[PDB]
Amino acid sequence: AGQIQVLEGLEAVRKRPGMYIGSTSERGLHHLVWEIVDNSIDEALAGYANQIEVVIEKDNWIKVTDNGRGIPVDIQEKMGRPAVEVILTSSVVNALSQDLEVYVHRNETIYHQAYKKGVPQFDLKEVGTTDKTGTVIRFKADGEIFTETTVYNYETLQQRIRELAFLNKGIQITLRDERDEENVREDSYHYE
């Protein structure tokens, strides 16, 4: 019943996306970023993370990284599925992404899963080792949903990242634009 209730949730989000993110215009596209960054901010307010990085990659992929505990990977009681899977299959940003990847650094291990329109493409896998902890999410907004534009505006992202760092003192938040490999722009904010 749990996996079924996942699938229906994905269908609900993709059918009426503006009811979930306000709009499917440029404002809604940027809201994707905010939803991811807010969870990293919670991890910092919980006392675990202090660095967040937002990268505009080639072809308008977004990469968000935090140095928190890593979204958990233990098998759930209620879903029979890894915890990270449960959280990402319940995610609006994942449902509204043509593709999304997660890498978790936790338990000295790197775990990876990829999704399309919220649907896992394979079971969570151990891909490497690490001596760090944290979460990386990389997603590509679905152009079937975001029919006006899938191009992010650096200044929009910059303004709000600066605000978030000034509000959440102590967290280092970095924005980087790598869309033109010949001219990479970075702003990094860290108050008090």
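Quick note: we count residues from 1 along the sequence shown, nothing fancier.
*Asks:* Pick between 173-181 and 18-26: the one whose mean CA B-factor in the entry is higher.
*Replies:* On average, C-alpha B-factors are higher across 18-26.
*Asks:* Would you tell me which stretch averages the higher CA B-factor in the PDB entry, 3-11 or 183-191?
*Replies:* In the deposited entry, the stretch with the higher C-alpha B-factor mean is 3-11.
*Asks:* Among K58, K140, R162, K63, which carries the highest Cα B-factor?
*Replies:* Answer, based on the entry's C-alpha B-factors: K58.
*Asks:* Just the C-alpha B-factor column, please: which of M79, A114, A95, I110 has the biggest number?
*Replies:* Of the candidates given, the C-alpha B-factor peaks at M79.
*Asks:* Among all modelled residues of this chain, ranked by Cα B factor, put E43 in the bottom, middle or top third, i.e. lowest, middle or highest.
*Replies:* Tercile = middle for this residue's CA B-factor.
*Asks:* Rank-wise, by C-alpha B-factor, drop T147 into the lowest, middle or highest third of its chain.
*Replies:* Highest third - that is where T147 ends up once the chain's C-alpha B-factors are sorted.
*Asks:* Taking the chain's C-alpha temperature factors as the reference, tell me which third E53 falls into: lowest, middle or highest.
*Replies:* Lowest third of the chain for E53's C-alpha B-factor.
*Asks:* Which third, lowest, middle or highest, does the C-alpha temperature factor of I75 belong to within its own chain?
*Replies:* It falls in the top third of the chain.
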